[PDB]
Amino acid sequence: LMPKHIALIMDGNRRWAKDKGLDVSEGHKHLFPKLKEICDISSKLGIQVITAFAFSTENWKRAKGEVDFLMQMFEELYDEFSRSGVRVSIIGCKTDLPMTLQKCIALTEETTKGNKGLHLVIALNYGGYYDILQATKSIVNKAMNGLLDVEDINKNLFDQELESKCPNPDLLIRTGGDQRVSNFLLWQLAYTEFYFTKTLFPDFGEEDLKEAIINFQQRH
C-alpha cells in the first residue's frame, strides 16, 4: 500500500557539481526545483506528507561563503512554493536564521496554510538532537510549573512536544549513496523503512521515486 508520509534526505547536490568540475552553487540550485517536482509526483500518487531535510544543524560547519549562499538561496522558498498549492511548514530553529529568511518562512507558511493537498515539511536548521532537546526543555518547564509529574513523561507527551509529529514517516529515501540518518528525525524514524540510493539528488526522478515506493510495497 502507498506510504502516507515520506521522509527525504536530499543528499548529493554537492558531489553532483564537484564530480563535474562545477562549483557547489550549481548543485545547490537544484534543491527546490527538484523538491517541487518530487512534491508534484508524490501528490499524484496519493502521498500526503513529505518531510525533507534541507539544512542540518551540523551544516553551519561548512565554509562561511557556502553557508551564506545557502541562507540567501533559501529565501526563494516563497517564490518556489507560494503558488504551488502545497501546504508548507518549516521545522528547525528559526530564530538562528537571518531575519529576512524568518519573514520569508513565516509568509510562505501563512499563505499556504489553507492548502489541503500534500503537506511539505522542510527541515531547515533542524536536527534530531535539537528536536528532542527542545521537547525536553518544554517538558521540564511544564514540570517546574506544576503542570505534570515525572511519571507523566511518556511517548505521547513527546509526540505533542516534538516539531515533527505523528503520523511518522512510513518510508525514508536518502539519495547520494551514504547509509546514515545523519541526525535527521531520530525519534520519528523508530519504525520507518529505509531506502538508500546512490543516485544523486539532482538526478533523482519519477522512476527513482516509483522504484523506492515499489520496493517499500513489496516489503509488506
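We number the residues from 1 along the sequence you see.
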If you average the CA temperature factors as listed in the entry, which stretch comes out higher, 139-147 or 125-133? 139-147
Quick check on the record: does 38-46 or 169-177 carry the larger mean Cα temperature factor? 38-46
Among all modelled residues of this chain, ranked by Cα B factor, put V88 in the bottom, middle or top third, i.e. lowest, middle or highest. middle
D19 CA temperature factor, ranked by third within the chain: middle
State the tercile, meaning the lowest, middle or highest third, of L120 with respect to the CA B-factors recorded for its chain. lowest
When the modelled residues of the chain are sorted by Cα temperature factor, does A63 land in the lowest, middle or highest third? highest
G12: which third of its chain by C-alpha temperature factor? lowest
